[PDB]
Structures are given as structure tokens and as C-alpha cells.
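Chains as they are written, first to last, in the deposited numbering: chain LI, 2 to 219; chain Lo, 2 to 104; chain 5, 54 to 105; chain Lb, 2 to 59; chain LT, 2 to 160.
Down below is the structure, laid out as C-alpha cells.
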RNA sequence: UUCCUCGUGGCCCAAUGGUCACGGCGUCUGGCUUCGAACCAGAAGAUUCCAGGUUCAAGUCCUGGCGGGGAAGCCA
RNA sequence: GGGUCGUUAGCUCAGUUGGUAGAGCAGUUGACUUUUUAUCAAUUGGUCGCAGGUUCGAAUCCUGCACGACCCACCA
RNA sequence: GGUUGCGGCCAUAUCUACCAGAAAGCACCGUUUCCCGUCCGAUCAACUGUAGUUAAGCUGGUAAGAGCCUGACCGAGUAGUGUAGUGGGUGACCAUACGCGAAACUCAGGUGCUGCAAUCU
RNA sequence: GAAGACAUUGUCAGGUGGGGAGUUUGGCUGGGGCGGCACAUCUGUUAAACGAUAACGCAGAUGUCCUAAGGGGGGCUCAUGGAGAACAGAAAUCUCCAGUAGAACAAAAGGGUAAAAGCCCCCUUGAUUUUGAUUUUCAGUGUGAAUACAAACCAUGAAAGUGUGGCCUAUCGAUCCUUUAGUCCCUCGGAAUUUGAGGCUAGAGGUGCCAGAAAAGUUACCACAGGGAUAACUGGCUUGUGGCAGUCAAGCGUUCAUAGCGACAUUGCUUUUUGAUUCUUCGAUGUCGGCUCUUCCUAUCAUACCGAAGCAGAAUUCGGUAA
RNA sequence: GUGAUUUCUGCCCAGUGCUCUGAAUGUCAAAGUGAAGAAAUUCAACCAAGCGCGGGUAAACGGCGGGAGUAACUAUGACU
RNA sequence: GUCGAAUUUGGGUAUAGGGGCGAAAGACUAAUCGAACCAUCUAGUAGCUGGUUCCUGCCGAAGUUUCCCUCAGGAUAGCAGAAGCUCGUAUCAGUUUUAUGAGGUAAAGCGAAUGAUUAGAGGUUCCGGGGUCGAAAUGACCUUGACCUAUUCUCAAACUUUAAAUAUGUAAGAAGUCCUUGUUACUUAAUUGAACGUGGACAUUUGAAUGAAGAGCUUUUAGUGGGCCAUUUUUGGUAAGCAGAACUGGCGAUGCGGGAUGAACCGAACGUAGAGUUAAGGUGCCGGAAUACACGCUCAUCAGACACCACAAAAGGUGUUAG
Ligand SMILES: [Mg+2]
Ligand SMILES: [Mg+2]
Ligand SMILES: [Mg+2]
Ligand SMILES: [Mg+2]
Ligand SMILES: [Mg+2]
Ligand SMILES: [Mg+2]
Ligand SMILES: [Mg+2]
Ligand SMILES: [Mg+2]
Ligand SMILES: [Mg+2]
Ligand SMILES: [Mg+2]
Ligand SMILES: [Mg+2]
Ligand SMILES: [Mg+2]
Ligand SMILES: [Mg+2]
Ligand SMILES: [Mg+2]
Ligand SMILES: [Mg+2]
Ligand SMILES: [Mg+2]
Ligand SMILES: [Mg+2]
Ligand SMILES: [Mg+2]
Ligand SMILES: [Mg+2]
Ligand SMILES: [Mg+2]
Ligand SMILES: [Mg+2]
Ligand SMILES: [Mg+2]
Ligand SMILES: [Mg+2]
Ligand SMILES: [Mg+2]
Ligand SMILES: [Mg+2]
Ligand SMILES: [Mg+2]
Ligand SMILES: [Mg+2]
Ligand SMILES: [Mg+2]
Ligand SMILES: [Mg+2]
Ligand SMILES: [Mg+2]
Ligand SMILES: [Mg+2]
Ligand SMILES: [Mg+2]
Ligand SMILES: [Mg+2]
Ligand SMILES: [Mg+2]
Ligand SMILES: [Mg+2]
Ligand SMILES: [Mg+2]
Ligand SMILES: [Mg+2]
Ligand SMILES: [Mg+2]
Ligand SMILES: [Mg+2]
Ligand SMILES: [Mg+2]
Ligand SMILES: [Mg+2]
Ligand SMILES: [Mg+2]
Ligand SMILES: [Mg+2]
Ligand SMILES: [Mg+2]
Ligand SMILES: [Mg+2]
Ligand SMILES: [Mg+2]
Ligand SMILES: [Mg+2]
Ligand SMILES: [Mg+2]
Ligand SMILES: [Mg+2]
Ligand SMILES: [Mg+2]
Ligand SMILES: [Mg+2]
Ligand SMILES: [Zn+2]
């Protein structure tokens, strides 16, 4: 009953999101966007790998869901439920339209053809570009060989060609492994439950004194 | 709508030539008289055989009529007339609007 | 073409009327109003009403 | 049986067959629409001016 | 059905500015316009009276009439295969002097100066402007500026 | 698919934008009778199928969703 | 053959659109009476056919995997 | 240089928290017969400049301050785009030739200027 | 004999009268019909940063309302949040602080507005007269709407000023006829007076198919001029739908993914189903099925030769070369 | 109009027609009457038939419904 | 089938066209019937189909705007010809530069306004639901939902600070500049201003570039008002040799060489000939032109061979080559 995904493979029309003008859409088949031990500290999982795109297409919501499930299943069963953090980096925001067409024998007595053929919503999708990340995983260095092929096992659920990259960065931060390491060696790195804040040379000095006390405590 | 029963406005009566007090009333058509050239011609045409000769309007579409005021000057006793936009309800003697009171 | 046949009862008399017309003829639709009066003491065959 | 509704095709060629030449210019353009209070002055201004030149060169 | 009003498709064209709402600064009313001034049109969305039609936004014309609160302008409009002149009446809020002329007549009086001065000794004043000439010859030294050798950079992912 | 209609006290329904809203059956208390009915005095109970906008007020005015029912489907 | 769905205690059935099973019939015990049927009270009996997502977790949400119901099916 | 009246450009001028202010000016400040207005002389009205105080207004300064403004071969000649090919690719798309050229980001600097008239240790 | 100034007959007038006569039964339209109005208009977008720009494109709206919801002047500042006061609590009235508009401005939406265009108060009728000029739609016609003046008479404010309806973009109508106001002006043609009638200027009575006919159906008993500008057979593109084959692997299979199956996903092929469009044929290509007859395709039921199994034998299943 | 014989032809006149009432503040043409005016003319009253109002008419044209609860297994519902 | 009767039939007579006749079929009425035949109005009307007769020369289009019961048709504007007229290098230009305006698309942004949206962290409850210690407390501890503060991932045709490229308005002088003083019933406190002038001064470097095949002006009328294709932008649709829009170039209206073959592609547009050189395309043979030269790759039991163009994908291979 689902129209094959090849009918919406390419970006042919402008984004058509839910809004005060759309007002009537189904619900995305994906609901979970973070998997694993999502409360892990920044320094717990240094290694980070990305599933990057080599295409300009639309990824269906349930396609994302199926890849999510398969990847999470493999990671948990093999590497353990608390060895990785999974983060999907796209959201289905484009609504797909369909002109449901009468398919009975003799429906031409009723179909009216192409007249007034504005479609109806039946599905959501996410629009991606070349070089845009789809999946992101952060683990320990000892788990990379498992993760990289876990993603390789997951790539089969998306249409098109997608690469797998080992990011030279620490975790989900925007900093390199050594430069970040030395920055945490000094005191201006102060973590939160999942992410980390950084001291800046700007701002009120008293407030900068209040936190990061060790950086000044030389 | 609501319109006061008096109005002060220009009166070109050759003796006023200035704003003067005017009494106002709603204009009405007035009974159509016979012996007008139109009626006389139409009756002549209808006489004899042939049946209905002039078109008869059916496709009425408008619900309201424009209202026309009849102004009477208290001094020169001349009549001037002016029109207003369309309105479903119209009225001269008006209880003025009051704001502070409730429903 | 679709032609309308309708039956309708008179509001005031109560008698029953009906007709049929092609679905385009625009017969006059009357204007009504329900006006919520109160009834005062009943005198002779007149009534006696009350606004707000 | 539909038909082509509207298009501007070939219209630029049709126009450019006869150049979009500017309309014209003249000395002493028309005083249509200018301040009549100014016109009434100007007409007497010239009225006196010509009489002045006439008497001067007389 | 279709819709072509007097102000259709003017949603963004008549938005005032960012952080420039409110009243208009008095300098506009302090401006003085003579007959024959060439002037641009830019509608002010805060003054609904005497607005120009959206087509004339960003156009330039010639003043032909002055009244107590407005100015008469002449605009050339292309219709069909010719131009027709249109006569407008615009309040000064949609009006500002075209500095193109203000720059221009400085040239006129400058050339007057050069012409008279050079006429005092007859040295072929040479008033006409000239485009950018191809630059003439020159010599470049390397003293303390020994040339630097460059090379293409290899490929790195940089993500 | 379209179009239309309907949803309210336990049941069937009625409803004036201006009072938490009406009838009939039903239920409860007291009375009559050995008892139950019938009969005689009195009462109570409703988020008007789910969300917004209007109004001063919305069952009502209307727009967005749920369930039910009806009509259409012809010239080949 | 394709769509549409519903199957919950011995039987019927509310189930709540995402947290733990409701109600009635049934049967057992007790009170009533010379014992009983009727009447009332209290228990008894439901992992809601197999796998996944899993919110703390899933009969309950849906997805595929059972059985029973609804409509569909050249053409001239 | 300070202050007042009238301004021009309209945050480099705004916002938050503190500190300082000779003289003059400004200000707060005293009173209710008259003109005048309010529930109320609080605003507004009138009189005195006398009884007092820089507390506030205001001005200026301070802040690894928010904001705002300017600039830089920081990002970036990237994104985007006009013209051409019997260019590549199954295709989505992508390089080349002649041209134009950002935004976000980073860093550095600044925190009102000025016209007319009058007055001031 | 009967009947009698009644019948009858003649002329007008009202009623009845598909028995009969004449005529009509809009337009757009992914054929036509049903449906809808894209038929006069307005806001945003499609619309590709001047202007213009289509579709039965998307989200909506108009045939009204207003003596104030118009004009002038003066005073005040809103939504909301925080903190306090008897009944009073989440919502009753009052006070302070913060508050760039997050409120309000008749309506649909978009612009615009803070000593205001918002709220309250005072006075008024410029929503007036005379025709002109200009912008939009545009043929540079009309209609509607709007802009800037001039000549008067006014309103408001102390004044500068503002005011020719609603802050701006929609809210509406030709010829003929009737009717009203002004001039009390012109004519009734042999000469006069009074009724009456006809003219000039300015409005109203309406055409919504909105640049404006007065209008119900059926034909399979049908006719004519035409149309492949246009439907049902066939043919052509596409493959939603139908059919067929792959890739990944959660599970089924006593254990074991791939002996045999295979969800959630995803890549393909065909035109033997049914759809979409209308390119060829309407001065005609005979339009279902059954009977008989020839050839071709392989996506193979059996026969030939082989591989695999959860193939002990038998039976069976999957696959290969093979029409 | 129905179509041998046999056996029967139930209910409905609200609707469309047909027919019969006319004691009547219903409505009405021409003619005739009254008033105003100098006259054209204007305004009234009166008025036949017809229609309106009220009965009959189906072997005249024709029509002849829904929704709930209820019985000692269940089901259904004589009953309400 | 019927054959003694509602039987068959000759002759005479009656009924005639909106009429007759009909045991009822719209049947029959002289091969003519859902209205007979003959002549006349009549050469009836046709927005519809077919045709439209000698040669050569020159110029040479449109399927687009507006209105119409308008959609197979007209009027109107535009494109074209003809007749010319006033003058003699200009009041020019599908062009560039300099100077100066306007725009809200492409891009970008959301720890910036609005809306959507994944995730944790810290506080705050006189104030959510709760539970535990508690009789309670404006008491304490946990948990879930809000609320606030600082962070994080992703978005917008009808969101936005910022903001391109390409297109687009105006100016680059004699109708100009400067000095003096004349007119006016307008304006100013005022010969102050405004507008128009007298007189005087400044010319071929007179105010950027390039071209100008002459410039300007008037009348009249035919045909047209079904379009289509290609690149780029782009709407509905899964898509179409589908339907609908923008700019330019073509076809129609167009031949010639190449793409074997073709209206749109490439090159290039045409009087009749001679000679020379090329465009796009090619040089084994058909077929004019090197089985030229040079560096590498590939063996295919369905190899491959040139844009538009006559298709191919996801996924695999110790085949082979270079990284
Ligand atoms: Mg006569
Ligand atoms: Mg007659
Ligand atoms: Mg056309
Ligand atoms: Mg159209
Ligand atoms: Mg702007
Ligand atoms: Mg009782
Ligand atoms: Mg007839
Ligand atoms: Mg039609
Ligand atoms: Mg535009
Ligand atoms: Mg004010
Ligand atoms: Mg006009
Ligand atoms: Mg005025
Ligand atoms: Mg107002
Ligand atoms: Mg206005
Ligand atoms: Mg009119
Ligand atoms: Mg007349
Ligand atoms: Mg029209
Ligand atoms: Mg007929
Ligand atoms: Mg037929
Ligand atoms: Mg065709
Ligand atoms: Mg078909
Ligand atoms: Mg398919
Ligand atoms: Mg399929
Ligand atoms: Mg066809
Ligand atoms: Mg045919
Ligand atoms: Mg033929
Ligand atoms: Mg044949
Ligand atoms: Mg085979
Ligand atoms: Mg019979
Ligand atoms: Mg009479
Ligand atoms: Mg009578
Ligand atoms: Mg005989
Ligand atoms: Mg028949
Ligand atoms: Mg015959
Ligand atoms: Mg002829
Ligand atoms: Mg017409
Ligand atoms: Mg034709
Ligand atoms: Mg835009
Ligand atoms: Mg964008
Ligand atoms: Mg940005
Ligand atoms: Mg936002
Ligand atoms: Mg420019
Ligand atoms: Mg001709
Ligand atoms: Mg023509
Ligand atoms: Mg023509
Ligand atoms: Mg034609
Ligand atoms: Mg042709
Ligand atoms: Mg050609
Ligand atoms: Mg050869
Ligand atoms: Mg491959
Ligand atoms: Mg290889
Ligand atoms: Zn008067």
C-alpha cells in the first residue's frame, strides 16, 4: 500500500513543511534521535565516526527508522548497550504528497483524471546534501572496528551511496584531539551532563572567576 | 445606520450662498404618472396582437438600495439632495450611542 | 441535469406546499427573526407584549 | 478543448521592429496641470513684459 | 480568482526598514525643490497619503510643479513599442534630491575655472574626461623583496 | 472519491447567541394496600462525540479532528 | 486474489489511542425460610494466538506472523 | 571647557551595576486670594526665589559588562551566479575558459559629533 | 302548438383554455454530464530581488458595517510578568516596578502607528458647491477606486496647521423609460393666458453571465453543416496499479541467517491488467467471445543432462543448460 | 380503465385534478355612479364570472416510516 | 400457421396532408411517412467543408494586449506594404564606461524576532501531580511534568538580521554656464523670492566610448489573432513525445553540408558561373581523404565504437592496471 520509495528519490520541489498552512499530516515513523549511553561525559568516548552523504537526495522517515533499529540492535548485542553514543543528525521535515488514484476495474467512470490533482500528505522525509552527516557515533578507541562495520551494515537501508569517515575530532566537539586535550589540561574546559562548556576571554571577569577556578589557580 | 434629523451645510439658494441649517428626510420615488411619453408609447406598442413587446427583468441579484437624503433649507425653502452608500437598515430618529453602559 | 423537487410547509397558515425547479432558478429566500418577547397581561383578543 | 492562455513570446521582437524611440522634447512645454494660481500671474507677467519691450524699442 | 490591486505584491517593497521606524526626520521637509530638478522616487510606507504607485519605485524624473505639500513629477514609462510621459503628484516624503546632478554641476563650474585659468595663458585646457588608460611602463626592484616561490597544496579532508 | 446528514440526562428526542438546556418514558423518598402494580404528594441527574477563532457570552456562530448513516456512479 | 478490519475469564463485553486489567451472565460459599427458587453479600475464574521498536516498561501504541467478518473484481 | 534655550545627524548616543561633580545654570524644593483642573494643588494652574539640598534628575568616569559602530591577504576567492563547448557522468550532479562575488565565524579598534544665541571662576 | 322582449345574434371587457401556434432552454471545463466558479473583484505566495506574467495552483476574503467606527484639539499608554490589600480563591477592584508593541486600530491578510493612527474627553458635519488635471486596470476608452490643486462657504485649535468620508490595498453598474433637485431657464411652429406635455444640468430606480438578451425539458423515431481543435476500439510515451527479479539482515527453521523461508527498508524490469494524456484515424481501419490454423518469446509443468537439502530408501523442494 | 372462470380487490383526500357550497368587512375588468376642477383628468364607492375559504371524491393521478429496552443457557423479542 | 369463418376477393363509392386512416407498429397514405407529391418565395441563411485560372522583380509578418452569450467568430492595438512630405548628419542607439538611485530572489541565519524540532545540565516552586519521614508547617528527601538560566542537533514559497550575480531608472551642456537689470494682479517683513526676459562674456576638445547604412513626420489598407521545439529558471503530477509560465534562439514561412534515416541539433542561410580556402563532419571498404605518427588499457560462451539519440540501477569479482 506504500508507494515505492523511488517515486520521491530526488529533490524536485521546494520544502513543504508542516505549518499553519499545512495543518494535516501523518506522524514520522522515527521518534528516537539519540541512542545508547547518552548521559556519558565528553571525555568518556574520545573516538567519533560519521556516516556522511555522497548524494543530494531525500531520506524517508521509516528508512531512517529501519537504519536506526538495525544499527542499534547490532551495537547493543555485540559491543554492549553502554559502549557507544548514537546521534542521528537529520530530521524529517519535508512532507511528501500523493494523489491517491482509483485502482478498481472500471474506475474510469469515476476517476475524473488529472483535473484538480493537488496531492495529499502521506509521509515525511529529510533532505540531505553532499557531505552532510546522517549518523554519528562516539565510542572508545577499542570499539572502532565494531562500529565502522556496524554502520557499513546500516548503509544498506538508505538509497544511494554514503561514505563512512573517522573524524579527527574529540567526541561531538568542534576541537581536535590534541588541542582539546591540552585545553582540558588547563582549566577552561568544564563539562556538563552530556556536553561541555569553555571559558572565554570575553565577559564579566567576576563571573569568569566564579567558575573555572583552577585555570586561575596556577 | 443612524443620521440626525438636522444638518448644517452649504446652501446654494442664491440668497444663502453659505452654510445654513437644513432639515433632512428620506427621498422616495413618487407615484408614476400616466400621460408620460414613455407610458403612452408603451401602451401603444402593447395594443393589438403580438403579446409582450418590452423585456421584463427577472435576474434580480442585489438585496439593498442606495439611500438618498432630501435636504430642506429653513430660509430659502429650496431642496437639495445627496446620497449615501448602501445600507440594509436606515433610520432618522436615533438614540445616540452611549459608551460606558453595559449590554 | 439535476432538478430539485422539494416539499415545504407554510410557516404561518400551516398548509402544505411543494414545487420543482431546475437547479439554477433562484427563488426568493425570505428573511426571518426570532425575537424573544415577554408576555404581559392578556386583555381582549389583542395580545400584550414586552421588549427588553 | 483547452487552448494556450497567455504568453509574452515574440513580443519583444514585435516591439523592437519599430525602435522604442523617445517621444520628443520641445522648448516651452505645455502648462496643462501646473498651478493655475501661478499661470494667472505668469500670463500678466508676459502681458506687461511684451508691452515693456515694445515701449522700450519704440 | 486573480487579484491585481493598487498595492499588490508590495509586501517587502513598502516595509520601512530595520530600526528606522517612527516619524521622518525634518530634513526632508527642510529640502527645497526647484522646477527642473531631477529627482528619484522612493515610497515611504509611513505616509499613506500621496504615495506613488509601486511601478514608480526606484525611478527618476523631472520636477514640473510645486504646491503647498506636494511636487509634480514627469516620468517616462515604456508601454508597447514607445514611451509615454506620465505626470505625477508626490508628497515630499517619497522624494529626495538626486545627487548625480549635485556632483555633475561641480564638474561644470570646475571646467569653467580651468577653462578661464588656462585661457589666461593658452595651454589647451583639455577639459574632456578620458577612460582608464592602459598603464604606462615601470620598473620593479627586488631590494629586500626577493620573490617568493609558491606551489600547489595537496588534498586534505579538513573535517 | 465527492456531497449531504446525525451525535445532547439511562432511552427516544426538542432547542430563539441572552439562565448549566426541554419534554415523555425511566429512577429515588413519602403516602394507599397483607404485598406488588395502578394511583396520590415531591425531588434529583447532562463536561451537548474531540481542539481553536469570534462574541461581552458561545450546545448554538463558524474552522480543524472522531464515530454513524444516506445518495451518486450513466453514453461507450 | 486485493483491500478493510475484530478477536479479552466457561459465555458476552468495556477496555486506555503509551502502566496493568473493568462490567454482566456463569459457578462456589454465606444470610434469608419448614427446607428451596427468586433476593443480597463475598470469593473463584482472564499472562488477553507468535516475534520486534521499546516509555520504567507494552494485552493496552503500531509494525510484520493466526482465525472469523465486510466490501472488490475484463469486454463489447 | 561647564551650563541653558532651539536644534541637525539619529544607539559610537541605548541598557545594567557602581563612583565623582568648584562656580553658575538646571533641578528638587515653600504657599493656595486671584485665572484654571482634577476623587485628590500628585500632573496641570497661580505666587514667592524667600525657608533648605546636591539626596535625586542631569553630566562625566569605571566594567577582560550586554548592545551598538568601524576595519582586517580571519573565514573565502568558499557558497552563489552571467556567457561557451559534439566537456565528464546512466543519472543525481561536477570540473574548465572569460567575469562578478557574499553571509555566518574569528580578531582588532571605538563608546557621540556638531550649528546658533546666552551665561559661568 | 310552445316560448317571448327572455333567448339568439353583433361589439368590447374579465376568467378558463399544451386542444393549437411561435420561440428558448448561458460560458469555462484535461471529451461531455454531475461537481465547482478560477465569469466582477481583494491579501500573501507560486513570480525566477524594476514592471508584467498562466493553470479547475495553495491559504483566505467581498456584494457588508459606521453620526461615529468621519474631522479638529487636549490629556493618557497598551498585551503580559513580578510583588502587595477584608470577604476575593486561577479569573472581581486598587497600588508600585519592569514592559519596542509582543495589545489596539469594524472585517480576510499584509504594510503603518507610542506625548500616536491606540484609550478617555470637548466642539462640530469638509461625508459641502463649481467643473476641471493626474495614477491603477488601459485601446492610454469607459466604470470603480485614489492623488495634487484653484475659486467659495465652514468646522476645529490660542497658533502653525488639518479636513472634499472611514490609516492604505476590495466593498460595485451603460443606452431607453420612470422619478427627484436646480434653473424657474427654452418649446408646444396662425396670436395669447392657465393646466398638461416636451427639453438643459445633477442624482435614484438594474442588469452578480457583473462593457449590461426577457427564456423549462426529452429523443434509442431523429435530421443538417462540420470536428480527429474532442470521447468509446486499435496504435505511441509513462508504469501509479498489476506481474516478475534483485541487495541488507531482525527473526522462523530442536542448535544454525542464507537446506528452505524472510519482516522493517531499498534497487530494478515488462506492457499480457487497470490507469494518465489526446499524438494518427469521425468524406468509417467492421468493435466481445467461441470454432479452426501457423509462427514466435521464456518469467520451465513434464520429458533430456546435472548441482544442493533439515536428500537412509521412496516421495519432495530449490537451482543450472535447455522452447 | 382492467382483460376467460375461481377467490378477493385492504388503509390514505395531506398533495395535483374533478365536483358542490355561496349567508359572506376577501379580490376584480369594461360599462354605469359620486366628489374635486374650467376641461383633459384624478380619487373613491359599487361589481358578474373567476380565484381564495369549506365538504365529497382513489376500479382518479398516486402513496402505504423509523429508533431503543425487554423472557431462568445463548439467541430472538410475544410486550413496552 | 389457418383452412366455414373476426374467412378471402373483384367492381362502384366515401374519408386528403398538421389532414385522412389505424384490432395501436409511429404503422399505411402510388418503391416516398415521427407529417405524401408538384410549382413558387428561392440563387432561402450558413461564425462550417471544397475550389479560386499567366510570368518575372522588390518588400515582407502573426497565433500576442483589451472588449464581446466571446472560446471553430469579430472589433481593437501590434507586426507589413504602398503613397509619400519637411529637411541634410541631426532632439539618435536591443552597446560599453563614469557618477548616482531603487530590488528582497540565489546564498546565508535560528547560543537574532515568529513558527517547528532531538537531547541532556543547573536552579525555582508561599504555586502542578505525586509519593517517603512526617498529625501539619511559608518543614525535609526523592520522582514526573511545567517555569526560568546557560548549552546542543536539524528546518521555512506564503520566516528573517545580512545579502549577491544577471537584469533595471537618470545624467554626461548651446534648449548650456556666468554677470547686470526689466515685467508680474503670485510670494516675501523687505526689489526678498519665483517664472519669463533685455544687454554682455565664453565655440569646434562644447564637456565619456563606438556606430550612424540618412534623420524626423503623416495617411491608408491586406493577412494574423489554434502554435510548436531547444538551453536556462520554474508550477501540478510518480512520469510522459503530459498540461501550464519567464528570457533568448529557431521551426512554422527555409533551402545547403554533417548527425545512416528526421521541422527544431551542429555549421551556415541562397541571383547565374569560374578559381582558391574552410566551418560542423571525417580519412579500412561501401565513400572524396594517412591500414598516419606517439604514450597507455581491454579478450568478453550476450565486448565496444561519439552529444540532442534512441535507455539502465542498488550490490559484487585473488580478471587486470595504477595508487
Ligand atoms: Mg389602438
Ligand atoms: Mg387587446
Ligand atoms: Mg489563442
Ligand atoms: Mg483562463
Ligand atoms: Mg526595503
Ligand atoms: Mg415509589
Ligand atoms: Mg408547443
Ligand atoms: Mg460548453
Ligand atoms: Mg516582480
Ligand atoms: Mg493627539
Ligand atoms: Mg480610469
Ligand atoms: Mg483646504
Ligand atoms: Mg479612525
Ligand atoms: Mg484617506
Ligand atoms: Mg444608475
Ligand atoms: Mg425624461
Ligand atoms: Mg463581461
Ligand atoms: Mg424541443
Ligand atoms: Mg441519440
Ligand atoms: Mg488528436
Ligand atoms: Mg480511455
Ligand atoms: Mg510499476
Ligand atoms: Mg509495483
Ligand atoms: Mg487516442
Ligand atoms: Mg471516427
Ligand atoms: Mg477513408
Ligand atoms: Mg480491413
Ligand atoms: Mg532460462
Ligand atoms: Mg393485453
Ligand atoms: Mg371599473
Ligand atoms: Mg364573486
Ligand atoms: Mg365483398
Ligand atoms: Mg416507439
Ligand atoms: Mg410507402
Ligand atoms: Mg451563391
Ligand atoms: Mg454582452
Ligand atoms: Mg477548420
Ligand atoms: Mg518575493
Ligand atoms: Mg534558500
Ligand atoms: Mg545570514
Ligand atoms: Mg524561529
Ligand atoms: Mg544601474
Ligand atoms: Mg487583402
Ligand atoms: Mg488588423
Ligand atoms: Mg484584426
Ligand atoms: Mg482561427
Ligand atoms: Mg500555418
Ligand atoms: Mg533554418
Ligand atoms: Mg577512398
Ligand atoms: Mg559498480
Ligand atoms: Mg578492479
Ligand atoms: Zn437656503
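We put the beta carbon where it would ideally sit given N, CA and C, even for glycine.
Between which two residues does the beta strand (DSSP E) containing residue i stretch?
| i | result |
| --- | --- |
| residue 79 (chain LT) | 71-80 |
| residue 21 (chain Lo) | 19-27 |
| residue 37 (chain LI) | 35-37 |
| residue 83 (chain LT) | 83-92 |
| residue 191 (chain LI) | 190-192 |
| residue 41 (chain LT) | 39-42 |
| residue 101 (chain LT) | Unbroken run through residue 101 (chain LT) is the alpha helix (DSSP H), 100-120; no beta strand (DSSP E). |
| residue 124 (chain LI) | 121-128 |
| residue 82 (chain Lo) | 80-87 |
Answer yes or no: do residue i and residue j have a C-beta to C-beta separation smaller than 7 Å?
| i | j | result |
| --- | --- | --- |
| residue 138 (chain LI) | residue 213 (chain LI) | no |
| residue 153 (chain LI) | residue 163 (chain LI) | no |
| residue 62 (chain LT) | residue 15 (chain LT) | no |
List the endpoints of the continuous alpha helix (DSSP H) containing residue i.
| i | result |
| --- | --- |
| residue 77 (chain LI) | 62-80 |
| residue 163 (chain LI) | Per DSSP, residue 163 (chain LI) belongs to no alpha helix (DSSP H); it is in the beta strand (DSSP E), 163-168. |
| residue 99 (chain LI) | Where residue 99 (chain LI) is concerned, there is no enclosing alpha helix (DSSP H), although the beta strand (DSSP E) it sits in stretches over 95-99. |
| residue 210 (chain LI) | 206-211 |
| residue 48 (chain Lb) | 37-58 |
| residue 17 (chain Lb) | 12-17 |
Check whether the Cβ of residue i lies closer than 6 Å to any heavy atom of ligand 1, and answer yes or no.
| i | result |
| --- | --- |
| residue 4 (chain Lb) | no |
Per DSSP, what are the beta-bridge partners of residue i in this structure?
| i | result |
| --- | --- |
| residue 72 (chain 5) | 59 (chain 5) |
| residue 139 (chain LI) | 49 (chain LI), 86 (chain LI) |
| residue 159 (chain LI) | Note: residue 159 (chain LI) sits in no beta bridge, so no partner. |
| residue 104 (chain Lo) | Answer is none; residue 104 (chain Lo) lacks a bridge partner. |
| residue 199 (chain LI) | 190 (chain LI) |
So is the beta-carbon of residue i under 6 Å away from any non-hydrogen atom of ligand 52?
| i | result |
| --- | --- |
| residue 76 (chain Lo) | yes |
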